[PDB]
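Dumped data-v4.cif below, it's mmCIF, C-alpha atoms:
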```
data_final
#
loop_
_atom_site.group_PDB
_atom_site.id
_atom_site.type_symbol
_atom_site.label_atom_id
_atom_site.label_comp_id
_atom_site.auth_asym_id
_atom_site.auth_seq_id
_atom_site.Cartn_x
_atom_site.Cartn_y
_atom_site.Cartn_z
ATOM 1 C CA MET Y 1 4.668 19.395 -7.055
ATOM 2 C CA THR Y 2 3.842 20.017 -3.406
ATOM 3 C CA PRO Y 3 6.300 22.044 -1.229
ATOM 4 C CA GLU Y 4 4.184 21.402 1.880
ATOM 5 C CA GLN Y 5 4.298 17.615 1.455
ATOM 6 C CA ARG Y 6 8.028 17.547 0.651
ATOM 7 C CA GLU Y 7 8.790 19.502 3.841
ATOM 8 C CA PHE Y 8 7.043 17.061 6.221
ATOM 9 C CA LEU Y 9 6.874 13.614 4.552
ATOM 10 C CA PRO Y 10 10.675 13.039 3.943
ATOM 11 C CA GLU Y 11 11.285 14.080 7.571
ATOM 12 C CA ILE Y 12 8.946 11.580 9.259
ATOM 13 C CA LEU Y 13 10.066 8.782 6.897
ATOM 14 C CA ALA Y 14 13.319 8.392 8.883
ATOM 15 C CA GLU Y 15 11.454 7.703 12.145
ATOM 16 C CA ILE Y 16 9.161 5.144 10.449
ATOM 17 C CA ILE Y 17 11.803 2.851 8.882
ATOM 18 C CA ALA Y 18 13.249 1.947 12.296
ATOM 19 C CA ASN Y 19 9.849 1.834 14.047
ATOM 20 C CA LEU Y 20 7.912 -0.287 11.543
ATOM 21 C CA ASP Y 21 7.320 -4.026 11.215
ATOM 22 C CA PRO Y 22 6.196 -5.096 7.678
ATOM 23 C CA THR Y 23 5.584 -8.647 8.928
ATOM 24 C CA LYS Y 24 3.090 -7.820 11.685
ATOM 25 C CA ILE Y 25 1.055 -5.354 9.592
ATOM 26 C CA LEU Y 26 0.998 -7.362 6.334
ATOM 27 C CA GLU Y 27 -1.026 -10.120 8.018
ATOM 28 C CA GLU Y 28 -3.856 -7.818 9.173
ATOM 29 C CA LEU Y 29 -3.969 -6.068 5.785
ATOM 30 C CA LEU Y 30 -4.419 -9.211 3.675
ATOM 31 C CA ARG Y 31 -7.046 -10.668 6.029
ATOM 32 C CA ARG Y 32 -9.342 -7.683 5.442
ATOM 33 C CA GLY Y 33 -8.579 -7.584 1.721
ATOM 34 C CA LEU Y 34 -6.826 -4.209 1.712
ATOM 35 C CA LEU Y 35 -3.765 -5.397 -0.192
ATOM 36 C CA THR Y 36 -3.690 -6.151 -3.924
ATOM 37 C CA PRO Y 37 -1.511 -8.874 -5.552
ATOM 38 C CA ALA Y 38 -0.168 -6.415 -8.160
ATOM 39 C CA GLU Y 39 0.964 -3.877 -5.552
ATOM 40 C CA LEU Y 40 2.072 -6.682 -3.223
ATOM 41 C CA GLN Y 41 4.626 -8.053 -5.704
ATOM 42 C CA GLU Y 42 6.073 -4.543 -6.090
ATOM 43 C CA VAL Y 43 6.998 -3.796 -2.466
ATOM 44 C CA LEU Y 44 7.685 -7.459 -1.675
ATOM 45 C CA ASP Y 45 10.107 -7.724 -4.600
ATOM 46 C CA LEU Y 46 12.284 -4.777 -3.540
ATOM 47 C CA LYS Y 47 14.830 -5.459 -0.819
ATOM 48 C CA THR Y 48 15.521 -1.769 -0.283
ATOM 49 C CA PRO Y 49 14.459 -0.483 3.193
ATOM 50 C CA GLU Y 50 13.979 3.115 2.016
ATOM 51 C CA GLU Y 51 11.703 1.963 -0.814
ATOM 52 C CA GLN Y 52 9.664 -0.279 1.527
ATOM 53 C CA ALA Y 53 8.726 2.644 3.784
ATOM 54 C CA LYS Y 54 8.003 4.779 0.700
ATOM 55 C CA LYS Y 55 5.663 2.096 -0.651
ATOM 56 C CA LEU Y 56 3.857 2.210 2.683
ATOM 57 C CA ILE Y 57 3.172 5.958 2.655
ATOM 58 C CA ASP Y 58 2.179 5.602 -0.978
ATOM 59 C CA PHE Y 59 -0.068 2.675 -0.038
ATOM 60 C CA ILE Y 60 -2.207 4.762 2.330
ATOM 61 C CA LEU Y 61 -1.946 8.207 0.692
ATOM 62 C CA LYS Y 62 -3.162 6.892 -2.674
ATOM 63 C CA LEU Y 63 -6.370 5.360 -1.340
ATOM 64 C CA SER Y 64 -9.612 6.914 -0.109
ATOM 65 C CA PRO Y 65 -10.209 8.166 3.496
ATOM 66 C CA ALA Y 66 -12.482 5.158 4.144
ATOM 67 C CA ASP Y 67 -9.614 2.803 3.272
ATOM 68 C CA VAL Y 68 -7.138 4.244 5.810
ATOM 69 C CA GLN Y 69 -9.776 4.170 8.598
ATOM 70 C CA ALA Y 70 -9.283 0.386 8.849
ATOM 71 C CA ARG Y 71 -5.509 0.708 9.257
ATOM 72 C CA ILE Y 72 -5.866 3.438 11.890
ATOM 73 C CA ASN Y 73 -8.114 1.312 14.130
ATOM 74 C CA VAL Y 74 -5.760 -1.712 14.064
ATOM 75 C CA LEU Y 75 -2.629 0.446 14.481
ATOM 76 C CA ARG Y 76 -3.874 1.859 17.800
ATOM 77 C CA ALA Y 77 -4.803 -1.567 19.200
ATOM 78 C CA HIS Y 78 -1.663 -3.336 17.918
ATOM 79 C CA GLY Y 79 0.693 -1.062 19.857
ATOM 80 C CA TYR Y 80 1.529 1.288 16.982
ATOM 81 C CA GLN Y 81 -0.348 4.191 18.592
ATOM 82 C CA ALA Y 82 2.480 6.709 18.041
ATOM 83 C CA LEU Y 83 2.308 5.920 14.328
ATOM 84 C CA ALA Y 84 -1.491 6.271 14.221
ATOM 85 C CA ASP Y 85 -1.258 9.801 15.662
ATOM 86 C CA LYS Y 86 1.249 11.012 13.063
ATOM 87 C CA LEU Y 87 -0.514 9.897 9.858
ATOM 88 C CA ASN Y 88 -4.003 10.787 11.158
ATOM 89 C CA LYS Y 89 -3.086 14.384 12.023
ATOM 90 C CA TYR Y 90 -1.248 15.139 8.767
ATOM 91 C CA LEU Y 91 -4.146 13.541 6.895
ATOM 92 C CA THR Y 92 -6.595 16.204 8.123
ATOM 93 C CA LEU Y 93 -4.046 19.004 7.667
ATOM 94 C CA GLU Y 94 -5.837 19.875 4.392
#
```
What is this structure when it is put down as C-alpha coordinates?
Amino acid sequence: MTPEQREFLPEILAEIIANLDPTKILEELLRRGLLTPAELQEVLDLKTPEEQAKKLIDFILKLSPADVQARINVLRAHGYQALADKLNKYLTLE
(Lines of atoms letter the chains of each structure in order from A and count residues from 1; the text may use other names and numbers.)
(Lines give C-alpha, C1' and ligand atoms only; values in the text may rest on other atoms or scores of the structure.)
Protein backbone atom coordinates (compact mmCIF):
# COMPACT_ATOMS: atom_id res chain seq x y z
CA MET A 1 0.00 0.00 0.00
CA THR A 2 1.25 3.45 -0.94
CA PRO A 3 -0.69 6.56 0.26
CA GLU A 4 1.62 8.86 -1.73
CA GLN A 5 0.96 7.05 -5.02
CA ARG A 6 -2.81 6.81 -4.45
CA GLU A 7 -2.99 10.58 -3.85
CA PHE A 8 -1.35 11.58 -7.17
CA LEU A 9 -1.81 8.72 -9.68
CA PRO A 10 -5.69 8.48 -9.65
CA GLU A 11 -5.80 12.28 -10.08
CA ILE A 12 -3.66 12.54 -13.23
CA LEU A 13 -5.36 9.47 -14.76
CA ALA A 14 -8.43 11.60 -15.63
CA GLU A 15 -6.36 14.05 -17.70
CA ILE A 16 -4.60 11.20 -19.57
CA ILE A 17 -7.67 9.27 -20.83
CA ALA A 18 -8.88 12.25 -22.88
CA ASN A 19 -5.37 13.33 -23.96
CA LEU A 20 -3.98 9.96 -25.08
CA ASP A 21 -3.93 8.15 -28.42
CA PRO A 22 -3.31 4.35 -28.10
CA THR A 23 -3.05 4.05 -31.89
CA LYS A 24 -0.21 6.53 -32.43
CA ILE A 25 1.92 5.27 -29.52
CA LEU A 26 1.39 1.52 -30.07
CA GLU A 27 3.19 1.72 -33.43
CA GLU A 28 6.39 3.26 -32.02
CA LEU A 29 6.41 0.81 -29.09
CA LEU A 30 6.23 -2.38 -31.17
CA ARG A 31 8.86 -1.16 -33.65
CA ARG A 32 11.46 -0.88 -30.88
CA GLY A 33 10.35 -4.13 -29.26
CA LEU A 34 9.07 -2.61 -26.02
CA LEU A 35 5.71 -4.37 -26.10
CA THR A 36 5.17 -8.05 -25.31
CA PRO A 37 2.50 -10.27 -26.98
CA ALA A 38 1.25 -11.53 -23.59
CA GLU A 39 0.72 -8.02 -22.20
CA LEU A 40 -0.52 -6.80 -25.59
CA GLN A 41 -3.46 -9.23 -25.65
CA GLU A 42 -4.46 -8.04 -22.17
CA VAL A 43 -4.92 -4.31 -22.84
CA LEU A 44 -6.00 -4.88 -26.44
CA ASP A 45 -8.71 -7.31 -25.33
CA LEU A 46 -10.37 -4.91 -22.87
CA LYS A 47 -12.70 -2.33 -24.35
CA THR A 48 -12.84 -0.33 -21.13
CA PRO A 49 -11.29 3.18 -21.41
CA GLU A 50 -10.45 3.41 -17.70
CA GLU A 51 -8.64 0.06 -17.82
CA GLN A 52 -6.69 1.06 -20.97
CA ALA A 53 -5.16 4.10 -19.26
CA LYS A 54 -4.47 1.99 -16.15
CA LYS A 55 -2.64 -0.60 -18.27
CA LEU A 56 -0.52 2.24 -19.63
CA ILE A 57 0.65 3.54 -16.25
CA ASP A 58 1.22 -0.05 -15.23
CA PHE A 59 3.14 -0.63 -18.46
CA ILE A 60 5.76 2.03 -17.67
CA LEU A 61 5.80 1.88 -13.85
CA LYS A 62 6.50 -1.87 -13.82
CA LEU A 63 9.59 -1.69 -16.02
CA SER A 64 13.11 -0.43 -15.36
CA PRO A 65 14.22 3.25 -15.68
CA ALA A 66 16.13 2.38 -18.88
CA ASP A 67 12.90 1.09 -20.45
CA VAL A 68 10.90 4.31 -19.93
CA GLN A 69 13.76 6.46 -21.31
CA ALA A 70 12.80 5.31 -24.83
CA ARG A 71 9.16 6.35 -24.39
CA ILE A 72 10.13 9.74 -22.96
CA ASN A 73 12.29 10.66 -25.97
CA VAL A 74 9.56 9.78 -28.52
CA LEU A 75 6.80 11.43 -26.44
CA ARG A 76 8.54 14.82 -26.57
CA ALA A 77 9.14 14.66 -30.33
CA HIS A 78 5.68 13.26 -31.18
CA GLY A 79 3.85 16.23 -29.67
CA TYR A 80 3.05 14.62 -26.31
CA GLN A 81 5.44 16.93 -24.45
CA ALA A 82 2.94 17.79 -21.69
CA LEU A 83 2.64 14.07 -20.96
CA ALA A 84 6.42 13.57 -20.92
CA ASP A 85 6.80 16.26 -18.24
CA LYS A 86 4.23 14.70 -15.89
CA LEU A 87 5.51 11.10 -15.80
CA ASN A 88 9.20 12.13 -15.79
CA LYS A 89 8.85 14.42 -12.76
CA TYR A 90 6.82 12.00 -10.63
CA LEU A 91 9.28 9.27 -11.60
CA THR A 92 12.17 11.06 -9.85
CA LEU A 93 9.98 12.07 -6.89
CA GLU A 94 11.55 9.15 -4.95
Inset, instruction - For each of Y:81, Y:40, Y:57, Y:24, take the minimum atom-to-atom distance to residue 5 of chain Y, counting only C-alpha atoms, then give the residue where this is smallest. - result: Y:57
Legend entry - Pick from Y:4, Y:17, Y:55, Y:27 nearest to residue 42 of chain Y, counting all atoms listed in the file: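 Counting all atoms listed in the file, the residue closest to residue 42 of chain Y is Y:55.
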Legend entry - the PyMOL selection byres ((chain Y and resi 70) around 12) resolved against shown file, as a ChimeraX atom specification: /Y:25,28-34,60,63-69,71-77,84,88
Legend entry - Computed interatomic separation between atom CA of residue 21 of chain Y and atom CA of residue 47 of chain Y (Å):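 Atom CA of residue 47 of chain Y lies at a distance of 14.3 Å from atom CA of residue 21 of chain Y.
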Inset, instruction - Find the residue from Y:51, Y:23, Y:18, Y:59 that sits nearest to residue 35 of chain Y; use only C-alpha atoms when measuring. - result: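 Under the stated criterion, the closest residue is Y:59.
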Give, as AutoDock Vina command-line options, the centre coordinates and the x, y and z edge lengths in Å to one decimal for an axis-aligned box around all listed atoms of segment 45-63 of chain Y, padded by 4 Å on each side.
```
--center_x 4.6 --center_y 0.2 --center_z -0.4 --size_x 29.9 --size_y 23.9 --size_z 16.4
```
Can you fill out segment 2-17 of chain Y with N, CA, C and O atoms and hand it back as a JSON list (two decimals), in the coordinates of the input?
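Output below, filename selection12.json:
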```json
[["chain", "number", "residue", "atom", "x", "y", "z"],
["Y", 2, "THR", "N", 4.41, 19.53, -4.65],
["Y", 2, "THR", "CA", 3.84, 20.02, -3.41],
["Y", 2, "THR", "C", 4.94, 20.32, -2.38],
["Y", 2, "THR", "O", 5.50, 19.41, -1.78],
["Y", 3, "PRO", "N", 5.27, 21.61, -2.19],
["Y", 3, "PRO", "CA", 6.30, 22.04, -1.23],
["Y", 3, "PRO", "C", 5.95, 21.67, 0.21],
["Y", 3, "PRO", "O", 6.84, 21.34, 1.00],
["Y", 4, "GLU", "N", 4.66, 21.73, 0.54],
["Y", 4, "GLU", "CA", 4.18, 21.40, 1.88],
["Y", 4, "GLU", "C", 4.39, 19.93, 2.22],
["Y", 4, "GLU", "O", 4.78, 19.59, 3.33],
["Y", 5, "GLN", "N", 4.15, 19.05, 1.24],
["Y", 5, "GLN", "CA", 4.30, 17.61, 1.46],
["Y", 5, "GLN", "C", 5.77, 17.20, 1.51],
["Y", 5, "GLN", "O", 6.14, 16.31, 2.27],
["Y", 6, "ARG", "N", 6.60, 17.86, 0.71],
["Y", 6, "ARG", "CA", 8.03, 17.55, 0.65],
["Y", 6, "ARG", "C", 8.79, 18.08, 1.87],
["Y", 6, "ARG", "O", 9.95, 17.73, 2.08],
["Y", 7, "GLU", "N", 8.15, 18.93, 2.66],
["Y", 7, "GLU", "CA", 8.79, 19.50, 3.84],
["Y", 7, "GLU", "C", 8.45, 18.72, 5.12],
["Y", 7, "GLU", "O", 9.07, 18.93, 6.16],
["Y", 8, "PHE", "N", 7.46, 17.82, 5.04],
["Y", 8, "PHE", "CA", 7.04, 17.06, 6.22],
["Y", 8, "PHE", "C", 7.15, 15.54, 6.03],
["Y", 8, "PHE", "O", 7.50, 14.83, 6.97],
["Y", 9, "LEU", "N", 6.84, 15.06, 4.83],
["Y", 9, "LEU", "CA", 6.87, 13.61, 4.55],
["Y", 9, "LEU", "C", 8.29, 13.00, 4.61],
["Y", 9, "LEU", "O", 8.47, 11.97, 5.26],
["Y", 10, "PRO", "N", 9.30, 13.58, 3.92],
["Y", 10, "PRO", "CA", 10.68, 13.04, 3.94],
["Y", 10, "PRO", "C", 11.35, 13.15, 5.31],
["Y", 10, "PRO", "O", 12.41, 12.55, 5.53],
["Y", 11, "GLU", "N", 10.74, 13.90, 6.23],
["Y", 11, "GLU", "CA", 11.28, 14.08, 7.57],
["Y", 11, "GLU", "C", 10.81, 12.98, 8.52],
["Y", 11, "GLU", "O", 11.58, 12.47, 9.33],
["Y", 12, "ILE", "N", 9.53, 12.62, 8.41],
["Y", 12, "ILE", "CA", 8.95, 11.58, 9.26],
["Y", 12, "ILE", "C", 9.38, 10.19, 8.81],
["Y", 12, "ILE", "O", 9.45, 9.26, 9.61],
["Y", 13, "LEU", "N", 9.65, 10.05, 7.50],
["Y", 13, "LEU", "CA", 10.07, 8.78, 6.90],
["Y", 13, "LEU", "C", 11.22, 8.11, 7.66],
["Y", 13, "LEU", "O", 11.25, 6.90, 7.80],
["Y", 14, "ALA", "N", 12.17, 8.92, 8.14],
["Y", 14, "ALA", "CA", 13.32, 8.39, 8.88],
["Y", 14, "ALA", "C", 12.89, 7.68, 10.16],
["Y", 14, "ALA", "O", 13.41, 6.60, 10.48],
["Y", 15, "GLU", "N", 11.95, 8.27, 10.89],
["Y", 15, "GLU", "CA", 11.45, 7.70, 12.14],
["Y", 15, "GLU", "C", 10.52, 6.50, 11.94],
["Y", 15, "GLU", "O", 10.21, 5.79, 12.89],
["Y", 16, "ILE", "N", 10.07, 6.26, 10.70],
["Y", 16, "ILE", "CA", 9.16, 5.14, 10.45],
["Y", 16, "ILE", "C", 9.90, 3.88, 10.00],
["Y", 16, "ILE", "O", 9.42, 2.77, 10.25],
["Y", 17, "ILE", "N", 11.05, 4.02, 9.35],
["Y", 17, "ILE", "CA", 11.80, 2.85, 8.88],
["Y", 17, "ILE", "C", 12.30, 1.99, 10.05],
["Y", 17, "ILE", "O", 12.29, 0.76, 9.97]]
```
